[PDB]
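S.K.: Mind having a look at this structure? Questions to follow.
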Amino acid sequence: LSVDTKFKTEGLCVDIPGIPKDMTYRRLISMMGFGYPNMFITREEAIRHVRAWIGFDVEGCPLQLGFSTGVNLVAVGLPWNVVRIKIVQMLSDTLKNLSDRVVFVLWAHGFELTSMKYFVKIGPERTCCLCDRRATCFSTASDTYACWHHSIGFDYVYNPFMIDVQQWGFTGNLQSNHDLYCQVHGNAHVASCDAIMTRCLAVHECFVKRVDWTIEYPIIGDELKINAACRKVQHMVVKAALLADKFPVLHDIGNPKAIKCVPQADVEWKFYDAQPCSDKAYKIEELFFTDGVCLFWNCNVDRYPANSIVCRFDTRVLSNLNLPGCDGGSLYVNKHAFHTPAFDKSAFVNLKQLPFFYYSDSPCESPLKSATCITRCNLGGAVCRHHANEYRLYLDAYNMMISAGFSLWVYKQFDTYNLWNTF
Ligand SMILES: O=C(NCc1nc(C2CC2)cs1)c1cc(CNCC2CC2)[nH]n1
Ligand SMILES: [Zn+2]
Ligand SMILES: [Zn+2]
Ligand SMILES: [Zn+2]
């Protein structure tokens, strides 16, 4: 983002009367008092760094500093020299396991930008004094720099980034634009409410209305183990449903790039294309199947049919992979960014929770007691060691997937008792 790019200033002219209409980022940054070519960034760079987004609003009358973490600080009610210490602590704790930077998302009216100099220092890109991550904070006590992990006691935010949502060409104020898409965040006339709304609207614009599944996001947690667990569980559960109930046809509704998850199964496999719905859940009436079984693997519909196998992401889950989203939805970032419509328990009324089970027909070849280890093994009274090992690996994956937020549902007649006679 060129510092010579033009910045529209109408939003700022109520806090800053007489501000020039003709303004560049270069001159704004100067007016604000200030590897790092611009404090501001493009919508594209911002999207690549969605994990760093912290909505931010400042409201005057002595100022109130609201952030999308729900926090409201008053700077005078306490002086700035303590308020900046709290800001560093809050952002470091919020972001250390998410991103290597902060990106302040704004609906800029002026106070938020003029307040920055009181808690931000800028300069050349640097590295942490105690590790190799880029520096995000600075301390004036020790003249040293630190990342989010090592910033305890540090008092200034260092080389923050920011983006003003009002530059994207909106009509009317923040609430009137946010409420067009979202009924979950209110307008309680505290600064944090605006900050939360600002981020929500930004997420809606970049991930609900606009979608880019080509953007990749760095590994920050159990991504790989989780995705592997999901493939393992998917194969297990679908294979067992075909054996227990012997459906003649399976209707695989969802990703157009889907491959048969149980390739050796007898059934007639029919695919139906539906991209991840990022806004509202698909209506099963538009999508549509009563023959056999329907596989909705992360295909969010509003009411699943009774003859389904379903894996559905639970947006309420607290994890580093799952960011708060728009209108109760969540932004699940695991390699790619998937805004997900809000979890709705009623979608599953025709189904039941799927119980844990492990099923294997593999030879017993290389002490576990479990009623859910479904193997010739246990049928004959004593689980062999190989199936004990596999059982404990599968449980681990299964638990990994559930705790990552996924939930599993199945048709009501599913009964693992029917699998024992496949031995
Ligand atoms: O009164 C708001 N904060 C509370 C505040 N305490 C202070 C003093 C330090 C104690 C200053 S301000 C507030 C007002 C809004 C309005 N946002 C939407 C605009 C109206 C279209 N947001 N927060
Ligand atoms: Zn560090
Ligand atoms: Zn919202
Ligand atoms: Zn065995």
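Taken in order, the sequence shown gives residues 5952 to 5985, 5993 to 6019, 6031 to 6045, 6081 to 6292, 6302 to 6379, 6392 to 6448; the numbers are from full-length UniProt numbering.
Every residue gets a Cβ at the ideal spot worked out from N, C-alpha and C, and that includes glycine.
1. Identify every run of the beta strand (DSSP E) within the stretch 6125–6203, keeping only runs that are complete inside it and at least 3 residues long; order them along the chain.
2. Helix, strand or coil for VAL6040 per DSSP?
3. Indicate, with yes or no, if ligand 1 has a heavy atom lying under 7 Å from the CB of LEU6178.
4. Taking the alpha carbon of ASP6374 as the reference point, which residue from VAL6408, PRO6354, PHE6361 and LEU6367 has its own alpha carbon closest?
5. How would you label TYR6442, buried or exposed, when you count the other beta carbons within 10 angstroms and need 16 or more for buried?
6. Compute the Euclidean distance between the alpha carbons of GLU6003 and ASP6249, then round it to the nearest angstrom.
7. Would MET5997 pass as a contact of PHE6165 if the rule is Cβ separation under 8 Å?
8. Which value, in whole angstroms, describes the spacing of the CA atoms of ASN6335 and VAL6362?
9. Suppose you measure from the CA of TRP6152 to the CA of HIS6349; what does that come to, to the nearest Å?
10. Enumerate in chain order the residues of its own chain whose CB-to-CB distance from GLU6129 is below 7 Å, with the five nearest sequence positions on each side excluded.
11. Do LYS6125 and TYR6160 have their C-beta atoms within less than 8 Å of each other?
12. Can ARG6001 be considered in contact with ligand 2, in the sense that its beta carbon sits closer than 7 Å to one or more heavy atoms?
13. Return the Cβ separation of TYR6416 and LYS6236 in integer angstroms, given the expectation that the two are a contact with Cβ distance under 8 Å.
14. Note down the Cα distance separating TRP6445 from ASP6304, rounded to an integer number of angstroms.
15. Please indicate yes or no: does the CB of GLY6081 lie closer than 7 Å to some heavy atom of ligand 1?
16. Would you kindly work out how many angstroms separate the C-alpha atoms of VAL6306 and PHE6439, rounded to a whole number?
17. Taking 7 Å as the cut-off, is the beta-carbon of residue 6027 closer than that to any non-hydrogen atom of ligand 2?
18. On the DSSP bridge list, what partners appear for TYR6317?
19. Pairing CB atoms from the stretch 6423–6440 with CB atoms from the stretch 6353–6371, are three or more of them under 8 Å?
20. Between the C-alpha atoms of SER6343 and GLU6209, what's the straight-line distance to the nearest angstrom?
21. Leaving aside the five residues before and after residue 5988 along the sequence, list all residues of the same chain whose C-beta is less than 7 Å from its C-beta, in chain order.
22. Would the stretch 6272–6282 count as touching the stretch 6221–6233 if we require 3 or more Cβ pairs under 8 Å?
23. What are the start and end residues of each continuous beta strand (DSSP E) run of 3 or more residues lying completely inside the stretch 6226–6285, in chain order?
24. With which residues is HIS6352 paired in a DSSP beta bridge?
25. Flag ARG6401 as yes when its Cβ comes closer than 7 Å to any non-hydrogen atom of ligand 4, and as no otherwise.
26. Report the residue from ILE6399, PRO6260 and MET6426 whose alpha carbon sits nearest the alpha carbon of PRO6376.
27. Using only the heavy atoms of ligand 3, determine whether one of them is closer than 7 Å to the beta carbon of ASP6198.
28. Which residue's Cα is closest to the Cα of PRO6280: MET6425, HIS6352 and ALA6360?
29. Beta carbon of residue 6059: closer than 7 Å to some heavy atom of ligand 1?
30. Ligand 2 heavy atoms versus the CB of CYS6141: any closer than 7 Å?
31. Would you check whether ligand 3 has a heavy atom nearer than 7 Å to the C-beta of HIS6189?
M.R.: From the atom records:
1. Whole beta strand (DSSP E) segments, 3+ residues: 6141–6143, 6148–6150, 6160–6162 and 6165–6168.
2. coil
3. yes
4. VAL6408
5. The residue in question, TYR6442, is exposed, as its Cβ has fewer than 16 Cβ neighbours within 10 Å.
6. 50 Å
7. In contact: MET5997 and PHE6165 (Cβ atoms closer than 8 Å).
8. 25 Å
9. 24 Å
10. Cβ neighbours of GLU6129 beyond the five flanking positions: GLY5993, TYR5994, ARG6138 and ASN6163.
11. yes
12. no
13. Going by Cβ atoms, the distance from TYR6416 to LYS6236 rounds to 12 Å, so no, they are not a contact pair.
14. 25 Å
15. Indeed, a heavy atom of ligand 1 lies less than 7 Å from the Cβ.
16. 11 Å
17. Between 6019 and 6031, the chain has no modelled residues, which means residue 6027 does not appear in the coordinates.
18. Beta-bridge pairing links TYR6317 to no other residue.
19. yes
20. 14 Å
21. Missing from the coordinates: residue 5988, inside the break in the chain from 5985 to 5993.
22. They do not touch, by the three-pair rule.
23. 6253–6258 and 6272–6277
24. Beta-bridge partners assigned by DSSP to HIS6352: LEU6344.
25. Distances between the C-beta of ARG6401 and the heavy atoms of ligand 4 include at least one below 7 Å.
26. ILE6399
27. no
28. For the residues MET6425, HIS6352 and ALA6360, the minimum Cα distance to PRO6280 belongs to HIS6352.
29. Missing here is residue 6059; the chain as given proceeds from 6045 to 6081 without the residues in between.
30. Flag unset: Cβ of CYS6141 not near ligand 2.
31. yes
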